[PDB]
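Structure record follows, encoded as structure tokens.
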Amino acid sequence: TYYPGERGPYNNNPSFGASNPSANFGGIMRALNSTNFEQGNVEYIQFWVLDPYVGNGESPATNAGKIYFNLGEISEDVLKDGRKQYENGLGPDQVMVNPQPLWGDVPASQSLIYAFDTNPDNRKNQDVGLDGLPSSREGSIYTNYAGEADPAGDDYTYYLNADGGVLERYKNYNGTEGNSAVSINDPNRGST
Amino acid sequence: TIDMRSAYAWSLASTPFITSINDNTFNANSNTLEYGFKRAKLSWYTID
Amino acid sequence: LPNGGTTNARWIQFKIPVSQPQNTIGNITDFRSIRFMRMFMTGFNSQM
Amino acid sequence: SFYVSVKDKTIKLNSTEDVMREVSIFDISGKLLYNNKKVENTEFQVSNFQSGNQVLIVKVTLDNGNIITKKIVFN
Amino acid sequence: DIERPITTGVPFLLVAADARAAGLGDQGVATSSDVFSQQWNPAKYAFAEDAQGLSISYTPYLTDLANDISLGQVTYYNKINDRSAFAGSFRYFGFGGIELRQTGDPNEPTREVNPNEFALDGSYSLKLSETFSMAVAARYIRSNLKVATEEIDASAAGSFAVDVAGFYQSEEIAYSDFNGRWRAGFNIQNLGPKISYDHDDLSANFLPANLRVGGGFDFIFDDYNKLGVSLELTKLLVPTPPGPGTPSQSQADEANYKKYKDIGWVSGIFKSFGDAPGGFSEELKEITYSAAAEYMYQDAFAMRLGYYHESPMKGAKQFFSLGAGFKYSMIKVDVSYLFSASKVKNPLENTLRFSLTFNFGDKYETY
């Protein structure tokens, strides 16, 4: 579900509502298990998609666009700063990159295992999203939206913890901040 | 076939280039906060 | 439909030949090391 | 000694010490979905196979001739 | 080959769960009363010679490929009077414990799942006349074959059903060369609401409602040698889904499937007798029949031969069956084997069934 007129995560565009929504992008990426397409003889990308202009919740006929696909070596640096973010290395007692690298906090330590501990306080300090900021220091970096509750726009909401229709309940399901609560009985249940 | 529709396997993408490495349609080449200026909201999921 | 009504639907099959790219970004010439897959949507004016 | 693991539509065979000679993966109907006569390893990964039909039976022929049977769920 | 098969939910209910009936071509509706007379005809529990009995049956699947994939049945009956009987049964199909090992670490705690399907039923059989009895059975069916994943809902699907059965067993009538005995029976099975595998009313499957009718005759020689010949006829009470078309190209098929799936099970029972463009000759094609012969020596040894024939257009499950029985003092042991004569592979091929029943309590005289 793509909202071209709504701000994406970590977007600090001062004039986003005044820009043409058709000029924006929304994208996801994924690693591939088998990387040798020639030996595997990978021939084509196949998919079945519902036409979004036909049924009940059809899109307006003027809402045309494009879906792009990329195969090959794609930058894993989602927040491009030359540095690998990993939120299990964050924390008040952890060493950060001495000058803050333009997107928020990044751990200065070498990552060992991509896993949290099971202490709720450490989880609260750590599960703060890809920017490394717990939504109270995001306004310093994402200045154009410092007045909002979530300046970086990365807060996670469980689909049963949100209101509205099915689409609205999943709008913030991909947020990277608060999506790893320790307790499965948490009202904002993790999803990872 | 290799199934690719596992929602948990997909993560937020880096900003893409649209024609070549010298193209700046979505500010993929910028080294400032402008790199994310063209990212609109996108949700990916499988309905529970 | 769960509400008791009916609706139409249109399922469209696509087959994108990997060996015939529309464009090439960066220095890649073969398909022997394809490590990542990215899809992104653009050009739309409203929710899609 | 013998372990079968499935992470993401991939099946990993781990036979410590002993070497596996052949692997045959069956859906639970008697239908053969995958067969490899040329494994020859103490660890094997079935990356060129994907069904999604949940329950599978993995039969591994060891070099000694012993046959190991493991039931798995194809997550 | 199979054309327009009848689609029903929980098809494991139609599988013969005891070696004795399987050795007789998967029929028991009109055979002699036994401990396994719950899947076939609960009404003849009132004709049981022993006061009560308990049986265990084992029907393995894919024996060459793996173990612990089997259909198990436990039956208990207890006829309190000479006219009434109470019976309960538990059929269970399972793959055994399956380890969900995600990583490769030997010591990682692993979740074990046991995908399974079971039916628990209880029946009351009452002997109306000295030669006729009826029974009513209530069955609970639970299907739990799905394994939970990040996307798959593994909630068990359940349904209830009722059975109405009747059994006729005449007295020993003398003939010129022998003194025979006649048997007949009927059993309307699996009468209940549709089972929703995905917990949605818009996608519900018919229960395998089934009608078994049959007759049996026993040749008695020398008061110790008995030969029993039984015939069984079977018809599913589920409407046949449309095939080619009977109102674009796919629009007609979609509309036909819409009409077929929007039928109640009560209405589906009556739509079973018909729902085809053919006549009586082409609707008799949907009738499954089975013939069997059973020789008994001293009532402690049995030789069983049976033939089962489904229509080649529906299922096409035809085979020959051989069975043997041994009674030591109160333990009866039954084994059966299947020889398939069909194009489609039978999953019970090369499989030996095993049944073990315990008889205890008082003895009731047969009429």
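Quick note: numbers below take in every heavy atom, side chains included, and nothing from hydrogens, waters or symmetry partners. In what follows, chains carry the letters A, B, and so on, assigned in the order in which the sequence lines appear, proteins first and then strands, with residues in each chain numbered from 1.
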For this session: Just do the side-chain hydrogen bond (donor to acceptor under 3.5 Å, both in side chains) check on A/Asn70 and A/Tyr68 with the steps written out, would you?
Result: CA-CA 7 Å; A/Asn70 297 153; A/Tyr68 284 85; over 6 Å; no
Take atom [atom1] in [X]; do more than 12 heavy atoms of anything else shown fall under 6.0 Å from it?
| X | atom1 | result |
| --- | --- | --- |
| A/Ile184 | CD1 | no |
| D/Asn66 | CG | yes |
| C/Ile28 | CD1 | yes |
| A/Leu160 | CG | yes |
| A/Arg137 | CZ | yes |
| A/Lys84 | NZ | yes |
| C/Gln13 | CD | yes |
| C/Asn27 | CG | no |

Distance only, no hydrogens: is a donor on one side chain within 3.5 Å (strictly under) of an acceptor on the other, for [X] and [Y]?
| X | Y | answer |
| --- | --- | --- |
| A/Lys66 | C/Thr42 | no |
| B/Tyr45 | A/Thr1 | yes |
| D/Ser24 | D/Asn35 | yes |

Please report the closest heavy-atom contact between [X] and [Y], naming both atoms and the distance.
| X | Y | value |
| --- | --- | --- |
| A/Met29 | A/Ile74 | SD-CG2, 4.3 Å |
| A/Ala61 | A/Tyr53 | CA-CD2, 4.3 Å |
| A/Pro107 | A/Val97 | O-CG2, 4.1 Å |
| A/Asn188 | A/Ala181 | O-CB, 3.9 Å |
| A/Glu138 | A/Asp150 | OE1-OD1, 3.0 Å |

For this session: Go through C/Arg38 and B/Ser14 one step at a time and tell me if the side-chain hydrogen bond (donor to acceptor under 3.5 Å, both in side chains) criterion holds.
Result: CA-CA 9 Å; C/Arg38 168 170 68 196; B/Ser14 59; 2.9 Å; yes
Please check if the side chain of [X] supplies one atom and the backbone of [Y] the other of a donor-acceptor pair under 3.5 Å.
| X | Y | result |
| --- | --- | --- |
| A/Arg169 | A/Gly164 | yes |
| D/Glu17 | D/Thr42 | no |
| A/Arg30 | B/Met4 | yes |

Problem set entry | Inter-residue atom distance B/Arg39.CZ - A/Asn24.CG, 0.5 Å rounding |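 It comes to 11.0 Å.
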Seminar exercise, completed: CG of B/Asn24 to OG1 of B/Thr19, rounded to nearest 0.5 Å, is 11.0 Å
Are any non-hydrogen side-chain atoms of [X] and [Y] less than 4.5 angstrom apart?
| X | Y | result |
| --- | --- | --- |
| B/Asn31 | A/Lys80 | yes |
| A/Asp155 | A/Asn172 | no |
| D/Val6 | D/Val73 | no |

Exercise. Only one of B/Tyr35, B/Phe17, B/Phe26 clears ring pair (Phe, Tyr, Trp, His ring centres under 6.0 Å) with A/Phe25; which?
Worked result: B/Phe26
For this session: Would you mind telling me which of D/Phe44, D/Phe74, D/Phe26 makes a ring pair (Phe, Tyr, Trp, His ring centres under 6.0 Å) with D/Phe49?
Result: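 Per the ring pair (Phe, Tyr, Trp, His ring centres under 6.0 Å) rule, the option paired with D/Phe49 is D/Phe74, out of D/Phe44, D/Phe74, D/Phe26.
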Problem set entry | Geometric class of the A/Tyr142/A/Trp103 ring pair [parallel <30°, tilted 30-60°, perpendicular >60°] |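 The rings of A/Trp103 and A/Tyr142 sit tilted, inter-plane angle from 30° to 60°.
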For this session: List the steps and the verdict of side-chain hydrogen bond (donor to acceptor under 3.5 Å, both in side chains) for E/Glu99 and E/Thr110.
Result: CA-CA 6 Å; E/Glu99 190 167 31; E/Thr110 42; 2.5 Å; yes
Exercise. Can we call the ring centroids of A/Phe69 and A/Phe47 under 6.0 Å apart?
Worked result: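 Yes, close enough.
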For this session: Go through the steps for B/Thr25 and B/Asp23 under the test side-chain hydrogen bond (donor to acceptor under 3.5 Å, both in side chains), then give the verdict.
Result: CA-CA 6 Å; B/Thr25 289; B/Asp23 190 272; 2.6 Å; yes
For this session: Assess A/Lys171 against A/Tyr3: is NZ or CZ under 6.0 Å from the centre of the six-membered ring, and within 45 degrees of the ring's axis?
Result: yes
